[PDB]
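>>> Any chance you can model this:
(one chain, ligands or ions: 4)
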Amino acid sequence: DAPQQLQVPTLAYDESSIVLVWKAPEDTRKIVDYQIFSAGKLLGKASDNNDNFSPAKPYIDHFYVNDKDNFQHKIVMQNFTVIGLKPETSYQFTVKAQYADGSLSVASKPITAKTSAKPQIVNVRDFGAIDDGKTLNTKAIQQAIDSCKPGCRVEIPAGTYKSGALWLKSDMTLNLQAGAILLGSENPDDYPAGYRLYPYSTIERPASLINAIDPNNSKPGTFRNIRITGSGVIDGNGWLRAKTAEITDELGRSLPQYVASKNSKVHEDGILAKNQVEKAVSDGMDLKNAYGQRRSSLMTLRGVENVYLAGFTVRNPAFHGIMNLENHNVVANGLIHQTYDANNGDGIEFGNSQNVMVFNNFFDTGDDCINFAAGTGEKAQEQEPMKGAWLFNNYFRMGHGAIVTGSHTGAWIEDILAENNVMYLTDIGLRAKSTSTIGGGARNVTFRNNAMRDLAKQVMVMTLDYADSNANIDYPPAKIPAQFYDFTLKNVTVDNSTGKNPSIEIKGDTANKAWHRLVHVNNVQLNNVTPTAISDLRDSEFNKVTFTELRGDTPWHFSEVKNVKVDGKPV
Ligand code: NI
Ligand code: NI
Ligand code: NI
Ligand code: NI
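Numbering: from 1, shown residues only. Ligands and ions are numbered 1, 2, ... in the order given. The relevant structure is shown in the block below.
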């Protein structure tokens with residue numbers, strides 16, 4: 001059957017290049033690659049193209065190096081980058097599946113796609129931006145952005161440019177060139193009032209280092225067509241290095257290591273984080289809220305329709321890494337996150353956003369790699385559901401969970417597909433969490449065709465707490481309680497999970513009517529992991545789940561279950 005849904009991701013094109021992605025089927029056992037054709041002429045194979053353009057790809061190939069016996073699910077590439085094109089030119093494209101036996105599928109339905117016109121180019125050095133070792137460049141960089149006409153590319157060339165909060169606008173690209181480091185100011189005054197997370201949030205957070213934030217309005221379409229690209233680094237200047245400041249990773253490359261702090265330690269551990277918490281406490285906040293709310297995140301983009309993030313390295317946030325709040329049509333392509341172990345330094349947060357795509361990312365994060373959020377309590381639905389996410393061809397290294405939905409489930413997290421990824425040293429593959437009074441939940445979540453090694457904690461955890469007016473809770477409680485259902489875990493392999501907690505852990509509170517339902521687990525092999533602990537679950541089935549080298553006596557531990565089934569036989 002022909003590959004489906006060949007497409008250019010939102011804004012993933014410029015004057016000389018176009019990125020293509022397509023769906024891979026559920027069952028890829030026979031598919032070993034994809035070949036891409038332009039006007040029926042072979043441009044190449046997806047595997048080879050990713051070797052060239054994806055920062056995840058060498059890590060992903062390397063993951064299989066010691067996999068004699070073919071234990072690990074072999075992921076396929078679902079993207080191809082076309083370069084060397086001409087400005088304002090249409091190109092037609094098809095894709096074919098390449099099979100084990102060497103034959104090819106029928107072509108996909110073609111697409112035509114057109115490169116853009118060569119953009120006005122604005123260099124920040126022409127506004128007096130300077131890498132001189134302590135000029136603050138905020139004004140220079142903001143002047144360059146302000147001078148932008150629609151379609152402008154703003155360039156930060158090689159060099160380290162210290163900067164305070166910057167404010168982006170519609171219809172522009174900020175390009176961070178090779179050798180460019182955008183460095184956060186450590187001065188809290190360089191980050192003025194930014195935003196409140198939700199409309200009903202009461203504490204104002206500072207601006208991030210990079211912002212698309214309208215002072216009054218969060219609605220999707222407040223901004224449009226924002227692109228941040230290039231192979232340079234955005235460094236938030238949040239934290240000191242850890243005692244072991246740098247490590248050599250599994251490819252022999254160096255990773256930075258950021259101190260893992262807490263609210264009572266930030267005065268010794270923080271840089272911007274320290275200074276911002278100090279300023280907030282002296283302004284009157286207790287230390288807990290100052291730590292929790294008053295550190296600048298690296299990037300906050302709110303109300304943007306069409307966002308393309310590509311190529312850049314993220315380091316050292318004072319708080320979160322990349323935040324998307326109420327955006328539509330977001331693509332993150334080939335970002336490199338090196339933020340281990342900055343406290344709350346998650347890779348990408350998606351908050352009440354729709355139609356989001358992450359591919360070719362490398363994640364080494366201080367918190368969750370990819371987190372989904374949708375508000376809290378009765379007011380949550382003041383906002384869009386968190387709906388439509390497609391996460392593929394990424395390499396997850398360290399982090400609190402590769403795919404996390406969310407704790408904040410109020411308006412619903414839904415229609416999430418994470419396929420053809422590799423995880424190595426990550427805490428957890430799939431994490432789903434909520435409490436009763438948050439409301440909403442998550443549904444239609446598929447985690448499939450992923451391979452995992454040396455997980456630090458557990459494979460998959462779905463947890464639902466009660467309570468009640470037992471609550472020290474800031475939002476109004478939800479009338480309909482939080483639930484999870486319609487979760488699919490298929491064609492997944494894990495070798496080693498070094499935590500002492502349950503490999504597959506599903507937990508609720510059936511007494512208080514809190515259960516999960518409609519969990520479908522098919523064709524999963526778990527080697528050298530602990531037994532499962534599955535609670536509060538109904539109308540679910542586990543088929544062709546094989547445990548080998550079990551760290552315990554029996555894999556299956558069930559309690560408080562209704563209409564569930566292994567494979568194929570009632571529990
Ligand atoms: Ni090859
Ligand atoms: Ni640094
Ligand atoms: Ni961490
Ligand atoms: Ni956490």
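
>>> contacts, neighbours, all on C-alpha from now
Will do.

>>> Tell me which residue is most central in this protein.
A centroid search over the chain (Cα atoms, centre = their mean) returns residue 370, at 3.0 Å, as the residue closest to the centre.

>>> List the residues that contact that one.
Going by Cα atoms under 8 Å, 6 or more residues apart in numbering, residue 370 touches 346, 347, 348, 349, 350, 401, 402, 403, 404.

>>> try it again with 6 Å
The contact partners of residue 370, taken as Cα atoms under 6 Å, 6 or more residues apart in numbering, are 347, 348, 349, 402, 403.

>>> contacts for stretch 172-180?
So stretch 172-180 is contacted by 151-160, 226-232 (Cα under 6 Å, 6+ apart).

>>> Could you pick out the residues of the stretch 201-350 of the chain near ligand 3 for me?
Residues of the stretch 201-350 of the chain lying close to ligand 3 by Cα under 5 Å from the ion are residue 341.

>>> Could you pull out the strands in the stretch 201-350 of the chain for me?
205-206, 210-212, 223-229, 233-235, 241-248, 254-258, 299-302, 304-310, 313-315, 322-325, 328-333, 336-338, 348-351 (DSSP state E, counting those that start in this stretch).

>>> got the ones you listed as a markdown table, with mean neighbour count columns?
What follows is these, written out as a markdown table (neighbours: other Cα atoms under 10 Å):
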| stretch | mean neighbour count |
| --- | --- |
| strand 205-206 | 22 |
| strand 210-212 | 23 |
| strand 223-229 | 22 |
| strand 233-235 | 25 |
| strand 241-248 | 13 |
| strand 254-258 | 20 |
| strand 299-302 | 25 |
| strand 304-310 | 24 |
| strand 313-315 | 26 |
| strand 322-325 | 25 |
| strand 328-333 | 25 |
| strand 336-338 | 27 |
| strand 348-351 | 25 |
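
>>> how many neighbours does the closest residue to ligand 3 within the stretch 351-500 of the chain have?
Nearest to ligand 3 in the stretch 351-500 of the chain, going by Cα to the ion, is residue 366, at a distance of 3.8 Å. Around residue 366 there are 29 other residues, counting by other Cα atoms under 10 Å.

>>> do the one 10 residues further on as well
The local packing of residue 376 (other Cα under 10 Å) involves 29 other residues.

>>> interface residues of this protein facing ligand 3?
Counting by Cα under 5 Å from the ion, the chain sits next to ligand 3 at 341, 366, 367.

>>> picking that back up, if you go by neighbour count, which of the contacts of stretch 172-180 are buried?
151-157, 159-160, 226-232 (16 or more other Cα atoms under 10 Å).

>>> what's the farthest-apart pair in these?
The most widely separated members of these are 151 and 160, with 25.4 Å between them, by Cα to Cα.

>>> What is the three-state secondary structure of the residue of the stretch 351-500 of the chain closest to ligand 3?
coil (DSSP: H, G, I helix; E, B strand; the rest coil).

>>> So it is in contact with residue 341, correct?
Yes: assessed by Cα atoms under 6 Å, residue 366 is found in contact with residue 341 at 3.7 Å.

>>> any shared contact partners between these two?
In contact with both residue 366 and residue 341: no residue, using Cα under 6 Å, 6+ apart.

>>> Please identify the buried residues of the longest helix along the chain?
Counting residues, the longest helix in the chain under DSSP state H turns out to be helix 272-282. Counting neighbours by 16+ other Cα under 10 Å, one finds that the buried residues in helix 272-282 are 272, 273, 274, 275, 276, 277, 278, 279, 280, 281.

>>> check contacts around the first one.
With contacts defined as Cα under 6 Å, 6+ apart, the neighbours of residue 272 are 186, 237, 238.

>>> Out of these, which comes closest to ligand 3?
Out of the contacts of residue 272, the member with the shortest distance to ligand 3 (by Cα to the ion) is residue 238, at 14.4 Å.

>>> Grab the nearest non-local neighbour of that closest one.
Take residue 238 and drop its neighbours on the chain: the residue closest to it by Cα to Cα, 6 or more residues apart in numbering is residue 318, 3.6 Å away.

>>> mind checking how far the one you found is from residue 338?
13 Å (Cα to Cα, to the nearest Å).

>>> what does residue 506 give?
Taken as Cα to Cα, the span from residue 506 to residue 338 is 31 Å.

>>> circling back: can I get the contacts of residue 370 in CSV with distance to residue 169?
Below are the contacts of residue 370 laid out as CSV (distance: Cα to Cα, whole Å):
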residue, distance to residue 169
347, 23
348, 21
349, 21
402, 31
403, 30
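
>>> with these in mind, which one is nearest to residue 378?
Nearest member of the contacts of residue 370 to residue 378, counting by Cα to Cα, is residue 349, at 21.8 Å.

>>> returning to that earlier point: could you save the strands of the stretch 201-350 of the chain as TSV and add columns showing distance to residue 288?
Below are these laid out as TSV (distance: least, Cα to Cα, whole Å):
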stretch	distance to residue 288
strand 205-206	14
strand 210-212	25
strand 223-229	33
strand 233-235	25
strand 241-248	22
strand 254-258	21
strand 299-302	22
strand 304-310	31
strand 313-315	24
strand 322-325	22
strand 328-333	32
strand 336-338	26
strand 348-351	22
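
>>> what's the farthest-apart pair in the contacts of residue 370?
Among these, 349 and 402 lie farthest apart (Cα to Cα), at 11.7 Å.

>>> Show me the domain layout of this structure.
1-116, 117-571 (curated CATH domains).

>>> Contact partners for residue 529?
Residue 529 neighbours (Cα under 6 Å, 6+ apart): 496, 497, 503, 550, 551.

>>> what number of residues lie near the third one?
When neighbours are defined as other Cα under 10 Å, residue 503 has 29 of them.

>>> And the fourth one, by the same measure?
For residue 550, the number of neighbouring residues by other Cα under 10 Å comes to 17.

>>> mind exporting stretch 532-552 as CSV, just the C-alpha atoms?
What follows is stretch 532-552, C-alpha atoms only, in CSV (Å, rounded to 0.1, in the frame of the first residue of the first chain):
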residue,chain,number,x,y,z
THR,A,532,3.9,-4.7,36.6
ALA,A,533,1.5,-3.1,39.1
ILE,A,534,-1.8,-2.4,37.4
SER,A,535,-4.8,-0.9,39.3
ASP,A,536,-8.1,0.7,38.7
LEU,A,537,-8.4,-0.3,35.2
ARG,A,538,-11.3,-1.6,33.1
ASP,A,539,-12.0,-2.6,29.5
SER,A,540,-8.4,-3.1,28.6
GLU,A,541,-6.2,-5.9,27.2
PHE,A,542,-2.5,-6.9,27.1
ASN,A,543,-1.6,-9.1,24.1
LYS,A,544,1.8,-10.5,23.2
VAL,A,545,3.6,-8.9,26.1
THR,A,546,6.7,-10.9,26.8
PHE,A,547,8.9,-10.4,29.8
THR,A,548,12.5,-11.8,29.8
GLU,A,549,15.1,-11.5,32.5
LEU,A,550,12.3,-10.4,34.8
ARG,A,551,13.5,-8.6,38.0
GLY,A,552,11.0,-10.6,40.1
